[PDB]
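Readers should treat all values here as calculations from the given coordinates under stated rules, not as data from a laboratory. Heads up, the Cβs are rebuilt from the backbone with ideal geometry, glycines too, and the neighbour counts pull from every protein chain shown.
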Amino acid sequence: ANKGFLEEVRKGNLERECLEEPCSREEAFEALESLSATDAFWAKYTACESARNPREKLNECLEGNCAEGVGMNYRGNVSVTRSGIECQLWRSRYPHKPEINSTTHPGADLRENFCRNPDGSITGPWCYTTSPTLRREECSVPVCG
Ligand SMILES: *[C@@H]1O[C@H](CO)[C@@H](O)[C@H](O)[C@H]1NC(C)=O
Ligand SMILES: [Sr+2]
Ligand SMILES: [Sr+2]
Ligand SMILES: [Sr+2]
Ligand SMILES: [Sr+2]
Ligand SMILES: [Sr+2]
Ligand SMILES: [Sr+2]
Ligand SMILES: [Sr+2]
Ligand SMILES: [Sr+2]
C-alpha cells in the first residue's frame, strides 16, 4: 500500500500488499511477476473493490464461482443462457463474430463458451449464442452470498 519508508526495499507479496491492503497495479505487478498473471489479477481485483470488506467476502468474490455486482468477476463454468440456448466459443467466429475476445478484454477469462461480462453489462454474465437468431444474451449465474 506504500505506507512509505523503505517498505519498497522488500520482496513483493500479494497477501500483504493487495489482499491485506488496497494496491496499485504496480504493486500487484511487483508481487505477481508475469504480466499475463497481473492482467488476470487486476481484472478480478477491480471487479471486487465493491466487496473488499469483510476480507471473507473478498475471498468469495475473487474465487469467481458466485457473481457480485453485475458479475464482472464471475470466473465459473455456466455455459448455457437464460433462454437455455448454449453459448458460442469466444474463440469461434460463427454463427456470430465476437467483438470482445482476449486481445480486447484479456483480464477476462474468455475460456471455452463460458458466461463472462467483459463489459459489465447491466443484466450480468452473458455470452454469445448459438442461435444465428440471437447474438448475445444473459446467463443465470449464482449471486455471491
Ligand atoms: C478477436 O480475437 C481473435 C482471436 O481468437 C482474433 O483473431 C480477432 O482478430 C479478434 N478480433 C478483433 C478484436 O480484432
Ligand atoms: Sr507496497
Ligand atoms: Sr504496505
Ligand atoms: Sr512492492
Ligand atoms: Sr493475512
Ligand atoms: Sr499492513
Ligand atoms: Sr515498479
Ligand atoms: Sr513499488
Ligand atoms: Sr519484484
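Candidate cross-link partners of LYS11 among the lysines, defined by an alpha-carbon separation under 30 Å and a same-chain spacing of 8 or more, comprise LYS3, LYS44, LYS57.
Where a ≥ b ≥ c are the square roots of the eigenvalues of the C-alpha gyration tensor, would you call segment 1-67 rounded, which needs a/c under 1.5, or, failing that, prolate if a/b is larger than b/c, or oblate? Cα axes put segment 1-67 in the oblate bin.
So what is the relative contact order for the chain, in percent, with contacts set as C-alpha pairs under 8 Å and at least six apart?
On the way: 249 pairs, mean separation 29.9, N = 145.
Computed value for the chain: 21 percent relative contact order.
Applying the criteria of a DSSP loop state and at most 11 other Cβ atoms within 10 Å to the GluC sites (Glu not before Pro) of segment 55-122 yields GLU56, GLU99. Per-residue ellipticity at 222 nm computed for the chain from its helices equals -5500 deg cm²/dmol, with DSSP H segments shorter than 4 residues left out and the rest contributing -39,500 (n - 2.57). Of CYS115, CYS23, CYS127, the residue with the greatest mean-square motion in the GNM of the chain, using alpha carbon springs below 10 Å, is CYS23.
If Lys and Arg each add +1 and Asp and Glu each add -1, what is the summed charge of the other residues whose beta carbon sits under 12 Å from the beta carbon of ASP39?
+1
Rounded, prolate or oblate for the chain? Axes are the square roots of the Cα gyration tensor eigenvalues, ordered a ≥ b ≥ c, and the cut-off for rounded is a/c under 1.5.
Working: a/c = 3.47, a/b = 1.99, b/c = 1.74.
Because a/c hits 1.5 or more and a/b exceeds b/c, the chain counts as prolate.
Ranking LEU35, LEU62, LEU89 by Cβ neighbours within 10 Å, fewest first, what do you get?
Working: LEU35 12, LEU62 18, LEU89 15.
Final ranking by Cβ density, sparse to dense: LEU35, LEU89, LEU62.
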